[PDB]
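Student: Structure file run_36.json (JSON, N, CA and C atoms) right here:
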[["chain", "number", "residue", "atom", "x", "y", "z"],
["A", 1, "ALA", "N", 0.84, -1.23, 0.00],
["A", 1, "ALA", "CA", 0.00, 0.00, 0.00],
["A", 1, "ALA", "C", 0.86, 1.26, 0.00],
["A", 2, "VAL", "N", 0.24, 2.40, -0.28],
["A", 2, "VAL", "CA", 0.95, 3.67, -0.31],
["A", 2, "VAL", "C", 0.32, 4.67, 0.65],
["A", 3, "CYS", "N", 1.01, 5.79, 0.84],
["A", 3, "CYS", "CA", 0.54, 6.84, 1.73],
["A", 3, "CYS", "C", -0.70, 7.53, 1.16],
["A", 4, "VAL", "N", -1.80, 7.46, 1.90],
["A", 4, "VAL", "CA", -3.05, 8.08, 1.46],
["A", 4, "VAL", "C", -3.26, 9.42, 2.15],
["A", 5, "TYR", "N", -3.29, 10.48, 1.35],
["A", 5, "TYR", "CA", -3.48, 11.83, 1.88],
["A", 5, "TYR", "C", -4.82, 11.97, 2.59],
["A", 6, "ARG", "N", -5.87, 11.43, 1.98],
["A", 6, "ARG", "CA", -7.21, 11.50, 2.55],
["A", 6, "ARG", "C", -7.31, 10.72, 3.86],
["A", 7, "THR", "N", -6.64, 9.57, 3.91],
["A", 7, "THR", "CA", -6.66, 8.74, 5.11],
["A", 7, "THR", "C", -5.80, 9.35, 6.20],
["A", 8, "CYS", "N", -4.63, 9.84, 5.80],
["A", 8, "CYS", "CA", -3.71, 10.46, 6.74],
["A", 8, "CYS", "C", -4.26, 11.81, 7.19],
["A", 9, "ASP", "N", -4.96, 12.49, 6.29],
["A", 9, "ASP", "CA", -5.55, 13.78, 6.60],
["A", 9, "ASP", "C", -6.69, 13.63, 7.59],
["A", 10, "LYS", "N", -7.61, 12.72, 7.29],
["A", 10, "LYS", "CA", -8.75, 12.47, 8.17],
["A", 10, "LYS", "C", -8.29, 11.98, 9.53],
["A", 11, "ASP", "N", -7.41, 10.98, 9.54],
["A", 11, "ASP", "CA", -6.88, 10.44, 10.78],
["A", 11, "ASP", "C", -6.23, 11.54, 11.61],
["A", 12, "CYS", "N", -5.33, 12.28, 10.98],
["A", 12, "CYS", "CA", -4.64, 13.37, 11.65],
["A", 12, "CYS", "C", -5.64, 14.38, 12.20],
["A", 13, "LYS", "N", -6.64, 14.72, 11.39],
["A", 13, "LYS", "CA", -7.67, 15.67, 11.81],
["A", 13, "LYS", "C", -8.38, 15.18, 13.06],
["A", 14, "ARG", "N", -8.62, 13.87, 13.13],
["A", 14, "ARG", "CA", -9.30, 13.27, 14.27],
["A", 14, "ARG", "C", -8.30, 12.79, 15.32],
["A", 15, "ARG", "N", -7.02, 13.12, 15.13],
["A", 15, "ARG", "CA", -5.98, 12.70, 16.07],
["A", 15, "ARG", "C", -5.54, 13.87, 16.95],
["A", 16, "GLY", "N", -6.45, 14.83, 17.16],
["A", 16, "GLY", "CA", -6.13, 15.98, 17.98],
["A", 16, "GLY", "C", -5.22, 16.96, 17.28],
["A", 17, "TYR", "N", -5.29, 17.00, 15.95],
["A", 17, "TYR", "CA", -4.46, 17.91, 15.17],
["A", 17, "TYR", "C", -5.31, 18.67, 14.15],
["A", 18, "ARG", "N", -4.72, 19.70, 13.55],
["A", 18, "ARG", "CA", -5.42, 20.51, 12.56],
["A", 18, "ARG", "C", -5.54, 19.78, 11.23],
["A", 19, "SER", "N", -4.43, 19.19, 10.79],
["A", 19, "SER", "CA", -4.41, 18.45, 9.53],
["A", 19, "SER", "C", -3.04, 17.83, 9.29],
["A", 20, "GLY", "N", -2.97, 16.93, 8.31],
["A", 20, "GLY", "CA", -1.71, 16.27, 8.00],
["A", 20, "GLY", "C", -1.33, 16.38, 6.54],
["A", 21, "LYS", "N", -0.05, 16.19, 6.25],
["A", 21, "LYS", "CA", 0.44, 16.27, 4.88],
["A", 21, "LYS", "C", 1.48, 15.18, 4.61],
["A", 22, "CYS", "N", 1.38, 14.54, 3.45],
["A", 22, "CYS", "CA", 2.31, 13.48, 3.09],
["A", 22, "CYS", "C", 3.28, 13.94, 2.01],
["A", 23, "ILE", "N", 4.54, 14.13, 2.40],
["A", 23, "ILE", "CA", 5.57, 14.57, 1.48],
["A", 23, "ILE", "C", 6.86, 13.79, 1.70],
["A", 24, "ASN", "N", 7.62, 13.58, 0.63],
["A", 24, "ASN", "CA", 8.88, 12.85, 0.71],
["A", 24, "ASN", "C", 8.68, 11.47, 1.33],
["A", 25, "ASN", "N", 7.52, 10.88, 1.08],
["A", 25, "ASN", "CA", 7.20, 9.56, 1.62],
["A", 25, "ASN", "C", 7.07, 9.60, 3.14],
["A", 26, "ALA", "N", 6.68, 10.76, 3.66],
["A", 26, "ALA", "CA", 6.51, 10.94, 5.10],
["A", 26, "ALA", "C", 5.33, 11.84, 5.40],
["A", 27, "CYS", "N", 4.37, 11.33, 6.17],
["A", 27, "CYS", "CA", 3.19, 12.10, 6.52],
["A", 27, "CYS", "C", 3.40, 12.87, 7.82],
["A", 28, "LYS", "N", 3.52, 14.18, 7.70],
["A", 28, "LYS", "CA", 3.73, 15.04, 8.87],
["A", 28, "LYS", "C", 2.41, 15.69, 9.30],
["A", 29, "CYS", "N", 2.06, 15.51, 10.56],
["A", 29, "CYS", "CA", 0.83, 16.07, 11.10],
["A", 29, "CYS", "C", 1.01, 17.55, 11.45],
["A", 30, "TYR", "N", -0.11, 18.25, 11.63],
["A", 30, "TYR", "CA", -0.07, 19.67, 11.96],
["A", 30, "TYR", "C", -1.16, 20.02, 12.97],
["A", 31, "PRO", "N", -0.79, 20.24, 14.25],
["A", 31, "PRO", "CA", -1.76, 20.58, 15.30],
["A", 31, "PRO", "C", -2.34, 21.98, 15.12],
["A", 32, "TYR", "N", -3.33, 22.31, 15.94],
["A", 32, "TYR", "CA", -3.97, 23.62, 15.88],
["A", 32, "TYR", "C", -2.96, 24.74, 16.13]]
The structure given in the file should be rewritten as C-alpha cells.
Tutor:
Amino acid sequence: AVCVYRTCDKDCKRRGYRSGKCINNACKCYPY
C-alpha cells in the first residue's frame, strides 16, 4: 500500500491535530 493523503488527513484531523500532509514519503501532522 501507499501513503493516502485523505486517510492520513482524516486520521490526523481526528488525532487531535489541525491536519496532516504526506511529502517525501513521510506524513507530517499539523496541530492547531
Student: What does the structure give for the distance between atom CA of residue A:18 and atom CA of residue A:1, in Å to one decimal?
Tutor: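 Those two atoms sit 24.7 Å apart.
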Student: Can you list, as number ranges by chain, every protein, DNA or RNA residue that comes within 6.5 Å of residue A:21 when you count all atoms listed in the file, leaving out same-chain residues fewer than 3 positions away?
Tutor: A: 8-9, 26-30
Student: Which of chain A counts as alpha helix (DSSP H) under DSSP, as a PyMOL selection string please?
Tutor: chain A and resi 5-13
Student: Set the distance at 12 Å and use only C-alpha atoms: which residues neighbour residue A:25 once local chain neighbours fewer than 4 positions away are removed? I'd like the list as a list in words.
Tutor: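 The residues that qualify are residues 2, 3, 4, 5 and 21 of chain A.
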Student: May I have all residues of chain A that DSSP, computed from the backbone, assigns to strand (DSSP E or B), given as a list in words?
Tutor: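 The strand (DSSP E or B) subset of chain A is residues 19, 20, 21, 22, 23, 26, 27, 28, 29 and 30 of chain A.
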Student: Which value, in Å to one decimal, gives the distance between atom C of residue A:12 and atom CA of residue A:24?
Tutor: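 One can read the atom C of residue A:12 to atom CA of residue A:24 distance as 18.6 Å.
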Student: Do you have the atom C of residue A:31-atom C of residue A:16 distance handy?
Tutor: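 If I compute the distance from atom C of residue A:31 to atom C of residue A:16, I get 6.2 Å.
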Student: Atoms are missing here; could stretch 10-26 of chain A be completed with N, CA, C and O atoms and written as a PDB file, keeping the file's coordinate frame?
Tutor:
ATOM      1  N   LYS A  10      -7.610  12.720   7.290  1.00  0.00           N
ATOM      2  CA  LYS A  10      -8.750  12.470   8.170  1.00  0.00           C
ATOM      3  C   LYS A  10      -8.290  11.980   9.530  1.00  0.00           C
ATOM      4  O   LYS A  10      -8.707  12.507  10.568  1.00  0.00           O
ATOM      5  N   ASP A  11      -7.410  10.980   9.540  1.00  0.00           N
ATOM      6  CA  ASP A  11      -6.880  10.440  10.780  1.00  0.00           C
ATOM      7  C   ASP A  11      -6.230  11.540  11.610  1.00  0.00           C
ATOM      8  O   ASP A  11      -6.554  11.719  12.784  1.00  0.00           O
ATOM      9  N   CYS A  12      -5.330  12.280  10.980  1.00  0.00           N
ATOM     10  CA  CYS A  12      -4.640  13.370  11.650  1.00  0.00           C
ATOM     11  C   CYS A  12      -5.640  14.380  12.200  1.00  0.00           C
ATOM     12  O   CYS A  12      -5.508  14.840  13.336  1.00  0.00           O
ATOM     13  N   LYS A  13      -6.640  14.720  11.390  1.00  0.00           N
ATOM     14  CA  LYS A  13      -7.670  15.670  11.810  1.00  0.00           C
ATOM     15  C   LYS A  13      -8.380  15.180  13.060  1.00  0.00           C
ATOM     16  O   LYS A  13      -8.717  15.964  13.944  1.00  0.00           O
ATOM     17  N   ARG A  14      -8.620  13.870  13.130  1.00  0.00           N
ATOM     18  CA  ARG A  14      -9.300  13.270  14.270  1.00  0.00           C
ATOM     19  C   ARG A  14      -8.300  12.790  15.320  1.00  0.00           C
ATOM     20  O   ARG A  14      -8.678  12.124  16.287  1.00  0.00           O
ATOM     21  N   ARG A  15      -7.020  13.120  15.130  1.00  0.00           N
ATOM     22  CA  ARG A  15      -5.980  12.700  16.070  1.00  0.00           C
ATOM     23  C   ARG A  15      -5.540  13.870  16.950  1.00  0.00           C
ATOM     24  O   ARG A  15      -4.412  13.906  17.434  1.00  0.00           O
ATOM     25  N   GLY A  16      -6.450  14.830  17.160  1.00  0.00           N
ATOM     26  CA  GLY A  16      -6.130  15.980  17.980  1.00  0.00           C
ATOM     27  C   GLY A  16      -5.220  16.960  17.280  1.00  0.00           C
ATOM     28  O   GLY A  16      -4.460  17.684  17.928  1.00  0.00           O
ATOM     29  N   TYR A  17      -5.290  17.000  15.950  1.00  0.00           N
ATOM     30  CA  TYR A  17      -4.460  17.910  15.170  1.00  0.00           C
ATOM     31  C   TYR A  17      -5.310  18.670  14.150  1.00  0.00           C
ATOM     32  O   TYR A  17      -6.475  18.343  13.927  1.00  0.00           O
ATOM     33  N   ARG A  18      -4.720  19.700  13.550  1.00  0.00           N
ATOM     34  CA  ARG A  18      -5.420  20.510  12.560  1.00  0.00           C
ATOM     35  C   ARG A  18      -5.540  19.780  11.230  1.00  0.00           C
ATOM     36  O   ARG A  18      -6.605  19.742  10.621  1.00  0.00           O
ATOM     37  N   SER A  19      -4.430  19.190  10.790  1.00  0.00           N
ATOM     38  CA  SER A  19      -4.410  18.450   9.530  1.00  0.00           C
ATOM     39  C   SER A  19      -3.040  17.830   9.290  1.00  0.00           C
ATOM     40  O   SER A  19      -2.073  18.148   9.976  1.00  0.00           O
ATOM     41  N   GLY A  20      -2.970  16.930   8.310  1.00  0.00           N
ATOM     42  CA  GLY A  20      -1.710  16.270   8.000  1.00  0.00           C
ATOM     43  C   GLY A  20      -1.330  16.380   6.540  1.00  0.00           C
ATOM     44  O   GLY A  20      -2.185  16.636   5.689  1.00  0.00           O
ATOM     45  N   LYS A  21      -0.050  16.190   6.250  1.00  0.00           N
ATOM     46  CA  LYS A  21       0.440  16.270   4.880  1.00  0.00           C
ATOM     47  C   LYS A  21       1.480  15.180   4.610  1.00  0.00           C
ATOM     48  O   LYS A  21       2.345  14.921   5.446  1.00  0.00           O
ATOM     49  N   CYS A  22       1.380  14.540   3.450  1.00  0.00           N
ATOM     50  CA  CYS A  22       2.310  13.480   3.090  1.00  0.00           C
ATOM     51  C   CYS A  22       3.280  13.940   2.010  1.00  0.00           C
ATOM     52  O   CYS A  22       2.903  14.122   0.852  1.00  0.00           O
ATOM     53  N   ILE A  23       4.540  14.130   2.400  1.00  0.00           N
ATOM     54  CA  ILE A  23       5.570  14.570   1.480  1.00  0.00           C
ATOM     55  C   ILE A  23       6.860  13.790   1.700  1.00  0.00           C
ATOM     56  O   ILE A  23       7.176  13.395   2.825  1.00  0.00           O
ATOM     57  N   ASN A  24       7.620  13.580   0.630  1.00  0.00           N
ATOM     58  CA  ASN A  24       8.880  12.850   0.710  1.00  0.00           C
ATOM     59  C   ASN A  24       8.680  11.470   1.330  1.00  0.00           C
ATOM     60  O   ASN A  24       9.559  10.963   2.029  1.00  0.00           O
ATOM     61  N   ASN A  25       7.520  10.880   1.080  1.00  0.00           N
ATOM     62  CA  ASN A  25       7.200   9.560   1.620  1.00  0.00           C
ATOM     63  C   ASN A  25       7.070   9.600   3.140  1.00  0.00           C
ATOM     64  O   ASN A  25       7.308   8.609   3.820  1.00  0.00           O
ATOM     65  N   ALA A  26       6.680  10.760   3.660  1.00  0.00           N
ATOM     66  CA  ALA A  26       6.510  10.940   5.100  1.00  0.00           C
ATOM     67  C   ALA A  26       5.330  11.840   5.400  1.00  0.00           C
ATOM     68  O   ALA A  26       5.278  12.989   4.948  1.00  0.00           O
TER      69      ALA A  26
END
